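Participant: Here is the input, now give the coordinates:
(one chain, ligands or ions: 2)
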Amino acid sequence: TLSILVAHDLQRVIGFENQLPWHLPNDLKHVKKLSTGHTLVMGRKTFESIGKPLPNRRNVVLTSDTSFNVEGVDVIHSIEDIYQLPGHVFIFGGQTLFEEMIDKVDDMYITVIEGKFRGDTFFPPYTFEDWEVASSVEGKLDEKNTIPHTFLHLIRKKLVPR
Ligand SMILES: NC(=O)c1ccc[n+]([C@@H]2O[C@H](COP(=O)([O-])OP(=O)(O)OC[C@H]3O[C@@H](n4cnc5c(N)ncnc54)[C@H](OP(=O)(O)O)[C@@H]3O)[C@@H](O)[C@H]2O)c1
Ligand SMILES: COc1cc(Cc2cnc(N)nc2N)cc(/C=C/C(=O)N2N=Cc3ccccc3[C@@H]2c2cc(C)cc(C)c2)c1OC
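Facilitator: Numbering: from 1, shown residues only. Ligands and ions are numbered 1, 2, ... in the order given. Right below this line is the structure:
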């Protein structure tokens with residue numbers, strides 16, 4: 001399976017100055033539970049923002065840098081390399097990789113951050129006419145998680161005659 005994994009706000013903001021605009025620990029635990037034991041594919045800028053690979057999963061970084069080499073990170077240099085990765089592959093970001101892959105993935109795990117943040121990077125527009133809501137689960141709010149959010153699992157709809 002090839003999946004998108006993303007958090008975006010009410011206006012599809014995903015980042016500001018190479019950081020998540022929001023502080024929401026519950027969504028990082030969501031990311032952890034979905035992607036442990038599988039593969040994350042991310043662009044170079046997204047990797048440098050995190051700074052080190054996330055433990056207990058394959059970390060794949062897409063870059064044009066022939067010199068790129070980080071311990072615990074596998075490097076690919078073209079989009080076509082993604083389809084050769086085994087197992088469940090999650091497209092992890094950022095805007096550039098999302099734009100290149102949104103028309104190719106089987107499904108999307110989207111955390112909708114129910115707010116309006118200042119951003120400089122965005123998830124591409126998409127329509128629920130094209131995507132079936134396999135599940136929609138409201139995140140629970142508490143002391144450390146104060147922004148309403150919704151976990152969506154969207155599966156691409158099949159085009160059928162009538
Ligand atoms: N909210 C979320 O769920 C989420 C998730 C991830 C990231 N983000 C945010 O997204 C922002 C970064 O997005 P971004 O688009 O600016 O950067 P990005 O997609 O993370 O990285 C872009 C880089 O990836 C490499 N790349 C992309 N496509 C390629 C291709 N076809 N072939 C070879 N290399 C390729 C290039 O690296 P080189 O220039 O080294 O060749 C390119 O400069 C950050 O603010 C981050 O916080 C948000
Ligand atoms: C730009 O910056 C980033 C972007 C994204 C992309 C992304 C965010 N959300 C959605 N929904 N989709 C997305 N593709 C992720 C991250 C997160 C990286 C991070 O440190 N952990 N993540 C998972 C993890 C797994 C195992 C051990 C440690 C972690 C760690 C973490 C886990 C837990 C349980 C709590 C905390 C506080 C951290 C990121 O760094 C801020």
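Participant: If we ignore the residues flanking it in sequence, what's nearest residue 8?
Facilitator: residue 123 (4.2 Å; C-beta to C-beta, 6 or more residues apart in numbering). (C-beta placed from N, C-alpha, C; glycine too.)
Participant: swap in residue 63?
Facilitator: Leaving aside its chain neighbours, residue 63 sits nearest to residue 44 (4.0 Å; criterion: C-beta to C-beta, 6+ apart).
Participant: Quickly note the distance from that neighbour to residue 145.
Facilitator: 30 Å (C-beta to C-beta, to the nearest Å).
Participant: right, and residue 93 touches residue 43 too?
Facilitator: Yes: counting by C-beta atoms under 8 Å, residue 93 sits close enough to residue 43 to count as a contact (6.5 Å).
Participant: Which one of these two is surrounded by more residues?
Facilitator: Per other C-beta atoms under 10 Å, whichever of residue 93 and residue 43 has more neighbours is residue 93, with 26 against 20.
Participant: hmm, back to that, quick one: contacts for the residue nearest to residue 63?
Facilitator: By C-beta atoms under 8 Å, 6 or more residues apart in numbering, the contact list for residue 44 reads 61-63, 65, 68.
Participant: just residue 18 next, same as before
Facilitator: Going by C-beta under 8 Å, 6+ apart, residue 18 touches 45, 48-49.
Participant: same check, this time on residue 78
Facilitator: For residue 78, the contacting residues are residue 62, by C-beta under 8 Å, 6+ apart.
Participant: thinking again about what came up before, I'd say the residue nearest to residue 8 and residue 9 touch.
Facilitator: No: the criterion here is C-beta under 8 Å, and residue 123 misses it with residue 9 at 9.2 Å.
Participant: so which helix or strand takes in residue 64?
Facilitator: Using DSSP states H and E, residue 64 sits in no helix or strand.
Participant: how deep is the residue lying closest to it once chain neighbours are set aside tucked in, by neighbour count?
Facilitator: Once flanking residues are discounted, residue 64 sits nearest to residue 77: 6.5 Å by C-beta to C-beta, 6+ apart. As a burial measure, residue 77 scores 13 neighbours (other C-beta under 10 Å).
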